[PDB]
Amino acid sequence: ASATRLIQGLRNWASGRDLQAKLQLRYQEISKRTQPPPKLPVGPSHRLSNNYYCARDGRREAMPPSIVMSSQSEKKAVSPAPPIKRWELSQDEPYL
Amino acid sequence: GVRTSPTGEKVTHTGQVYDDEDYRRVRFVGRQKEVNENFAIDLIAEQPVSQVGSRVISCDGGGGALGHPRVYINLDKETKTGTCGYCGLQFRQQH
Amino acid sequence: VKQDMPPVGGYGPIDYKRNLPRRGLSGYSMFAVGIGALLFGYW
Amino acid sequence: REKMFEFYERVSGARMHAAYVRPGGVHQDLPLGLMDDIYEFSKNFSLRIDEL
Amino acid sequence: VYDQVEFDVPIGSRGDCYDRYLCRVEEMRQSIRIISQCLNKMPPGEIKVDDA
Amino acid sequence: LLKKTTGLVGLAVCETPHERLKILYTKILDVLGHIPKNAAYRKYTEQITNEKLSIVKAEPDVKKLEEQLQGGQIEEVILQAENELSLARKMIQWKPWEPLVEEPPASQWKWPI
Amino acid sequence: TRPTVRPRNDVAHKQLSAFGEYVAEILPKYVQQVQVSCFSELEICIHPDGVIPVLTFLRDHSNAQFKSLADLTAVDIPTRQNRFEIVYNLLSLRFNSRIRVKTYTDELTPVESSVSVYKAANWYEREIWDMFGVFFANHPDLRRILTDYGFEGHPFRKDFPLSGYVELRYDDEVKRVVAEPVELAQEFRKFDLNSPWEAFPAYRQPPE
Amino acid sequence: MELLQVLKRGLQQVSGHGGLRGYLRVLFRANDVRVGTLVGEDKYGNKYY
Amino acid sequence: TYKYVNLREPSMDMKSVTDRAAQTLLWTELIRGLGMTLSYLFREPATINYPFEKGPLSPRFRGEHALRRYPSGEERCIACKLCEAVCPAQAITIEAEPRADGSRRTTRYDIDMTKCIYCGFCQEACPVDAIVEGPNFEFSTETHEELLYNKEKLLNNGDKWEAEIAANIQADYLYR
Amino acid sequence: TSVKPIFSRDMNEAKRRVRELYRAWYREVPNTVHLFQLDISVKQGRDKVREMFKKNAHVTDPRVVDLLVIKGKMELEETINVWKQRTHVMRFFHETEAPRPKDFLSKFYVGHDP
Ligand code: SF4
Ligand code: SF4
Ligand SMILES: [Zn+2]
């Protein structure tokens, strides 16, 4: 940022870009190293009522794997899922 | 209160010192034995016993969430002060 | 609450596309400059 | 890449091995002012890709 | 939340070292796009699951 | 209209996709007729192959055939038909409609142990 | 159960159950179990004589098209008489799906190599030779891939100790890196962490 | 011309370290001669700019 | 939602063919590359003057371990061994006894700084903020065993760096 | 009690394979001493190959000796190709290891182990 306008114009010309607009070195535009203290919010389970853990217990609603076939008609042939949708070419920048 | 063995070796706050006939003093030969001279058993005994006017006091070590978990100390013994098991600060019911 | 949040109108638009900005003379012009340099040198 | 390691160090305290993304969320919230610096990095990073 | 961010996927054409190079360059471009969207759409709230 | 490339490396463009698909589907049905009637591989593969062959006979276009066969490019649909043919020729040899060769041990799939 | 619990996917659960029935009745010669977990992942437990007929099916069948071998894995379980559990993770790009094909062997029974199905397996099961000792028949170049060249034993078995049996150091008498029996300056401290209260009643086993 | 300002900033970097002795002192100890605002000095003699 | 890198057919009119042949014979893109490198020649470099200048750090930084005391001189550690239970490398070795006033304190507190992975799980497992991983990263030794810290070295790191560790914990305890 | 073989149908084909592996190792030992510039004699290396074969001489299972032939062929391929260095070849000769006490009285002297 401290460069003279002769070196600045030379540097912009040699790169072919406006380099002073986007300087990779950092100056006073970055955040302060000292910040005010935060007040972080609490989650949804910080409630004094209607907050029994048996109604929000993720690990205890895990089930054993449902056994479909075990060795102890004209029904449709299935796939594991419907076939994947063909992607759309990008409207932003297709390179075509 | 650091002290010194007859071998010249400093005794730590734990009480560790090598014996005279112990070969492992040779690691301090030409070098030093790093002990810490601030004994916590001495520094906590310098604190004044805090006189309070309740039957049960609380202690978190000061600083709020920067100290220890908050404990409640019963002060019904007038023989003994009520000592925090975390910080070692001790309390006495004033009556 | 005080939390690391973006500004109210959001951040500014960030460039992310290729910018190779096409400088220089044409091929006709560069061959003409090279031929003119040769002709000056030969003369 | 050094500035992005500063982003890792500000978010976790380690420049490379953060141990930050944990099962259940992340270990710690963003420090205040971090997203502004991520913005100031990202706004200028396109010119760095362009000159590469 | 990748289903909520908008980005493109660079596709090669010849499978060589040069197309994979260009795919990585354009993935850096699209990563800058995703980072812009993530900085614009960061919600408030907690950072761990509140299952303690 | 002759699509210029498939977009996939090493997958060439098929000039006549419909005739190639009809040949491959009738060849899959021919190989698949050598399998017993009770076999679920025969019934399921005859079902999907007759559906694909009906769709190929129903559509003159290549693009609309790609959008309603729902398998990507038409050339990788041809590739999938060839893989199905090679699979069915192997399934003749393997005979997997036969009963289970061996029951597993008593707690072979018990997890957690 | 909204914010903190993972949302259950019933549609993919139903579709994977139907496709597991499909795979089981197309291939009943080898398929021993079919199961779908609660987080919607399909496992096809097969007999080890049908590694190749199953995996060539799922790679080539027009309703499966599992064209990518993502990962091949062994798991040592010493309480089984077939202590090794060989696990094939497959990715179908066409139907945007993943499947798991599990089979078994012990120390001595070979498994047929799936390099004629997926060339990707060429190192994985080679790793399974190096780490578990599961021999693979008809592998093109079966040898060690991760351990040291003179290494005895197979490390990822659970009767193999955490530290090895030998450690290395440079010996200056012989001018050479040498192997000695391992002696730790500090032993690894085994922690007994398991609580004696049952955590998950859904997974309770019936008693004796 | 803006080269004259560059040479004058160099000469006042020389004059800002307390002459040629301080300039060469900080040049050989620090391998940098730019001047700053003295933020402080500790009990050891470390000077912070 | 996808794009094709390198799916351009170059134009075949005489203008573009002569442009490409002038690029071939007259080396236009090579002069472009030389110009970009010359553009970086006239930039101020990114080099900081270490050790007189220092790399920027945050108060979350995980450096050298230290044991903290209370604002009475009593050490915070009450020998609960949560730091050595959580320690991913088993770098912490703790032995304890009741000392002469009956306080629950350690007799051994070793951190092997050559096993330690500097991940800070010990400081966040600590219920009393006793073990902390401080700001110091400049503690390279000439001997392996000088990195085998015992309780005395850790309490001395606490006494050495407490004026800074207290301010980093002051700036970062509300995120924890 | 009916298992799948590895290579051998019985013990006799297995002993054929063990015999051919010993032949291949016996042929390879002088090349191994020469190109790894080992400071053992060729007789010492052939004695070590004899020792490594005769350690396993008590095995009566065809599958286990099939796997021992397989692992011996892998060691041989890592020795013929220069994949092992000199150190991996010399790890069969426990040179830096002091000779352990073998009788009862000296094991009683040195420690607690049997
Ligand atoms: S930082 Fe991590 S590895 Fe190091 S002592 Fe703490 S818990 Fe152990
Ligand atoms: S440092 Fe903290 S976690 Fe570790 S034993 Fe002491 S009080 Fe417990
Ligand atoms: Zn207290």
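All chains are named by letter (A, B, ...) in the order of the sequence lines, taking the proteins before the strands, and each is independently numbered beginning at 1. In each ligand, atom 1 is the first atom listed, and ligand 1 is the first ligand listed.
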Are the side chains of I:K153 and I:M113 in contact, using a 4.5 Å heavy-atom criterion?
no

Under 4.0 Å from a heavy atom of I:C126: which atoms of ligand 2 are those, numbered in the order shown and with their elements?
1 (S), 2 (Fe), 3 (S), 7 (S)

SG (B:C84) - the Zn ion (ligand 3) - SG (B:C87) angle, nearest 10°:
90°

Nearest non-hydrogen atom to atom 3 (S) of ligand 2 belongs to which of I:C122, I:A85, I:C83?
I:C83

Short N-O contact, I:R105 and I:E74, less than 4.0 angstrom
yes

Salt-bridge test for E:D50 and A:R56: reply yes if a basic N is under 4.0 Å from a carboxylate O, no otherwise.
no

For I:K115, state whether at least one heavy atom is located under 4.0 Å from any atom of ligand 1.
no

Can we say G:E180 and G:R169 salt-bridge, meaning some charged N sits less than 4.0 Å from an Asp/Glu carboxylate O?
yes

With no hydrogens and no angle check, just 3.5 Å: does a side-chain donor-acceptor pair link G:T73 and G:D71?
yes

In ligand 2, which numbered atoms sit nearer than 4.0 Å to a non-hydrogen atom of I:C77?
1 (S), 5 (S), 6 (Fe), 7 (S)

Keeping I:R104 on the side-chain end and I:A79 on the backbone end, is there a donor-acceptor pair under 3.5 Å?
yes

I:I117 to ligand 1, any heavy atom closer than 4.0 Å
yes

Of all the atoms in I:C80, is at least one N, O or S atom closer to atom 2 (Fe) of ligand 2 than 2.8 Å?
no

Go through the side-chain N and O atoms of I:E64 and I:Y149 and say whether any donor and acceptor fall under 3.5 Å apart.
yes

Would you mind telling me if ligand 2 is within reach of the side chain of I:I94, the backbone, both or neither, using heavy atoms under 4.0 Å?
side chain

Close-contact set for ligand 1 against I:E133 heavy atoms, below 4.0 Å
1 (S)

Just to be sure I read this right, does ligand 2 sit under 4.0 Å from the backbone of I:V128, its side chain, both, or neither, counting only heavy atoms?
side chain

So is I:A96 close enough to ligand 2, meaning a heavy atom under 4.0 angstrom away?
no

